[PDB]
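Peer 1: This is the structure I want to talk about, given as structure tokens.
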Amino acid sequence: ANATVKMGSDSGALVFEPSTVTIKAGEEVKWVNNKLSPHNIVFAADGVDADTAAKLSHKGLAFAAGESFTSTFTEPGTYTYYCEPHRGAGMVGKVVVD
């Protein structure tokens, strides 16, 4: 039971897909770098703890299509993230824990 989301589409899209991905409370996720760089996956702590979101928040920088980060959803909620930098029109996509 895992969830993965490619950072962009093959064709050449920005928005992440699948926008929404099912996850389990305790499972991990993998965000493979597809394209559209530089860019990152920043997570906000709205309906979730700060520290928590922090971790979930990727303050890195993916450039090459190989370096993929990972996250862990302990609390059964709904984390959200948005590309701050990027070079288009932000991105839409969130996660959900069961």
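Residues are referred to by chain and number: the chain letter is A, B, ... according to the order shown in the structure tokens, the number counts from 1 in that chain, and ligands are numbered separately from 1 in the order shown.
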List every residue of stretch 2-36 of chain A that DSSP, applied to the backbone of this structure, places in strand (DSSP E), and write the result as a PyMOL selection string.

Peer 2: chain A and resi 3-4+20-23+28-31

Peer 1: From the DSSP assignment of the backbone, select every residue of chain A that is alpha helix (DSSP H), and format the answer as a PyMOL selection string.

Peer 2: chain A and resi 50-56

Peer 1: Quick one: residues within 12 Å of residue A:73, only C-alpha atoms, excluding same-chain residues fewer than 3 positions away - as a PDB file with C-alpha atoms, in the first residue's frame?

Peer 2:
```pdb
ATOM      1  CA  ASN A   2       1.853   3.020  -1.332  1.00  0.00           C
ATOM      2  CA  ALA A   3       1.253   6.133  -3.399  1.00  0.00           C
ATOM      3  CA  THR A  22      -4.926   7.431  -1.879  1.00  0.00           C
ATOM      4  CA  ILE A  23      -2.614   6.757   1.041  1.00  0.00           C
ATOM      5  CA  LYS A  24      -2.702   4.886   4.331  1.00  0.00           C
ATOM      6  CA  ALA A  25      -2.116   6.324   7.783  1.00  0.00           C
ATOM      7  CA  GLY A  26       1.507   5.322   8.230  1.00  0.00           C
ATOM      8  CA  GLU A  27       2.375   4.595   4.619  1.00  0.00           C
ATOM      9  CA  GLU A  28       4.839   6.552   2.517  1.00  0.00           C
ATOM     10  CA  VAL A  29       4.684   8.365  -0.802  1.00  0.00           C
ATOM     11  CA  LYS A  30       7.116   8.838  -3.664  1.00  0.00           C
ATOM     12  CA  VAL A  48      -2.419  19.507   9.932  1.00  0.00           C
ATOM     13  CA  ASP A  49       0.307  20.085  12.493  1.00  0.00           C
ATOM     14  CA  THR A  52       4.355  17.473  10.698  1.00  0.00           C
ATOM     15  CA  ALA A  53       3.609  19.369   7.509  1.00  0.00           C
ATOM     16  CA  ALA A  54       7.207  20.529   7.679  1.00  0.00           C
ATOM     17  CA  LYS A  55       8.546  17.053   7.012  1.00  0.00           C
ATOM     18  CA  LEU A  56       5.850  16.508   4.411  1.00  0.00           C
ATOM     19  CA  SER A  57       7.117  19.797   3.030  1.00  0.00           C
ATOM     20  CA  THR A  70       9.467  10.504   0.014  1.00  0.00           C
ATOM     21  CA  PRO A  76      -5.295  10.475   8.832  1.00  0.00           C
ATOM     22  CA  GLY A  77      -5.989  13.808   7.178  1.00  0.00           C
ATOM     23  CA  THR A  78      -5.447  15.605   3.892  1.00  0.00           C
ATOM     24  CA  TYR A  79      -2.124  17.255   3.143  1.00  0.00           C
ATOM     25  CA  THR A  80      -1.753  19.874   0.435  1.00  0.00           C
ATOM     26  CA  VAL A  95      -3.126  13.669  -0.844  1.00  0.00           C
ATOM     27  CA  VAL A  96      -5.603  11.723   1.255  1.00  0.00           C
ATOM     28  CA  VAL A  97      -5.073   9.183   4.011  1.00  0.00           C
ATOM     29  CA  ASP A  98      -7.411   6.322   4.828  1.00  0.00           C
TER      30      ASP A  98
END
```

Peer 1: Select, from A:50, A:7, A:15, A:21, the residue with the minimum atom-to-atom distance to residue A:63, counting only C-alpha atoms.

Peer 2: A:7

Peer 1: At a cut-off of 10 Å, using only C-alpha atoms, what residues contact residue A:33? Leave out same-chain residues fewer than 4 positions from it and give the result as a PDB file with N, CA and C atoms, in the first residue's frame.

Peer 2:
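Heads up, here's the output in result.pdb:
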```pdb
ATOM      1  N   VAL A   5       3.433   9.987  -7.174  1.00  0.00           N
ATOM      2  CA  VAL A   5       2.961  11.036  -8.062  1.00  0.00           C
ATOM      3  C   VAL A   5       4.147  11.610  -8.841  1.00  0.00           C
ATOM      4  N   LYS A   6       4.024  11.569 -10.159  1.00  0.00           N
ATOM      5  CA  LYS A   6       5.073  12.080 -11.026  1.00  0.00           C
ATOM      6  C   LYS A   6       4.980  13.605 -11.086  1.00  0.00           C
ATOM      7  N   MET A   7       6.118  14.246 -10.856  1.00  0.00           N
ATOM      8  CA  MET A   7       6.179  15.697 -10.881  1.00  0.00           C
ATOM      9  C   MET A   7       6.035  16.226 -12.310  1.00  0.00           C
ATOM     10  N   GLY A   8       4.798  16.229 -12.783  1.00  0.00           N
ATOM     11  CA  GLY A   8       4.511  16.705 -14.126  1.00  0.00           C
ATOM     12  C   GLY A   8       4.113  15.548 -15.045  1.00  0.00           C
ATOM     13  N   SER A   9       3.621  15.911 -16.220  1.00  0.00           N
ATOM     14  CA  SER A   9       3.201  14.918 -17.194  1.00  0.00           C
ATOM     15  C   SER A   9       4.284  14.741 -18.261  1.00  0.00           C
ATOM     16  N   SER A  37      11.341  21.785 -14.460  1.00  0.00           N
ATOM     17  CA  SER A  37      12.244  22.191 -13.396  1.00  0.00           C
ATOM     18  C   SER A  37      12.854  23.556 -13.721  1.00  0.00           C
ATOM     19  N   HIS A  39      11.868  22.975  -9.595  1.00  0.00           N
ATOM     20  CA  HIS A  39      10.601  22.961  -8.884  1.00  0.00           C
ATOM     21  C   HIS A  39      10.723  22.081  -7.638  1.00  0.00           C
ATOM     22  N   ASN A  40       9.736  22.208  -6.763  1.00  0.00           N
ATOM     23  CA  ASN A  40       9.720  21.434  -5.534  1.00  0.00           C
ATOM     24  C   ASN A  40       8.272  21.224  -5.087  1.00  0.00           C
ATOM     25  N   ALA A  62      14.354  19.457  -7.040  1.00  0.00           N
ATOM     26  CA  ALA A  62      14.497  18.380  -8.006  1.00  0.00           C
ATOM     27  C   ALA A  62      14.783  18.976  -9.387  1.00  0.00           C
ATOM     28  N   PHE A  63      15.839  18.470 -10.007  1.00  0.00           N
ATOM     29  CA  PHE A  63      16.229  18.940 -11.325  1.00  0.00           C
ATOM     30  C   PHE A  63      16.282  17.784 -12.326  1.00  0.00           C
ATOM     31  N   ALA A  64      17.066  16.775 -11.977  1.00  0.00           N
ATOM     32  CA  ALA A  64      17.212  15.609 -12.831  1.00  0.00           C
ATOM     33  C   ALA A  64      16.033  14.663 -12.602  1.00  0.00           C
ATOM     34  N   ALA A  65      15.698  13.921 -13.647  1.00  0.00           N
ATOM     35  CA  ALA A  65      14.597  12.977 -13.573  1.00  0.00           C
ATOM     36  C   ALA A  65      15.104  11.650 -13.004  1.00  0.00           C
ATOM     37  N   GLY A  66      15.339  11.653 -11.700  1.00  0.00           N
ATOM     38  CA  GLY A  66      15.825  10.462 -11.025  1.00  0.00           C
ATOM     39  C   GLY A  66      15.685  10.597  -9.507  1.00  0.00           C
ATOM     40  N   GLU A  67      16.023  11.780  -9.016  1.00  0.00           N
ATOM     41  CA  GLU A  67      15.941  12.050  -7.591  1.00  0.00           C
ATOM     42  C   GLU A  67      14.482  12.249  -7.173  1.00  0.00           C
ATOM     43  N   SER A  68      13.963  11.259  -6.462  1.00  0.00           N
ATOM     44  CA  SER A  68      12.588  11.312  -5.997  1.00  0.00           C
ATOM     45  C   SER A  68      12.553  11.305  -4.467  1.00  0.00           C
ATOM     46  N   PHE A  69      11.777  12.230  -3.921  1.00  0.00           N
ATOM     47  CA  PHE A  69      11.647  12.339  -2.477  1.00  0.00           C
ATOM     48  C   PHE A  69      10.600  11.358  -1.944  1.00  0.00           C
TER      49      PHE A  69
END
```

Peer 1: Could you check the closest approach to residue A:36 for each of A:20, A:93, A:87, A:1 and tell me which residue wins, using only C-alpha atoms?

Peer 2: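 Residue with the minimum atom-to-atom distance to residue A:36: A:87.
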
Peer 1: With distances taken over only C-alpha atoms, which of A:90, A:83, A:75, A:46 is nearest to residue A:60?

Peer 2: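 So, comparing all the options, the nearest one is A:83.
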
Peer 1: May I ask for the distance between atom CA of residue A:72 and atom CA of residue A:89, given in Å to one decimal place?

Peer 2: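 Going from atom CA of residue A:72 over to atom CA of residue A:89, I get 26.7 Å.
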
Peer 1: My list of candidates is A:94, A:4, A:12, A:61. Which is closest to residue A:35 when distances are computed with only C-alpha atoms?

Peer 2: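 Closest candidate: A:12.
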
Peer 1: In Å, rounded to a single decimal, give me how far atom CA of residue A:44 is from atom CA of residue A:81.

Peer 2: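 A separation of 5.8 Å between them.
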
Peer 1: In Å, rounded to a single decimal, give me how far atom CA of residue A:31 is from atom CA of residue A:59.

Peer 2: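 It comes out at 13.3 Å.
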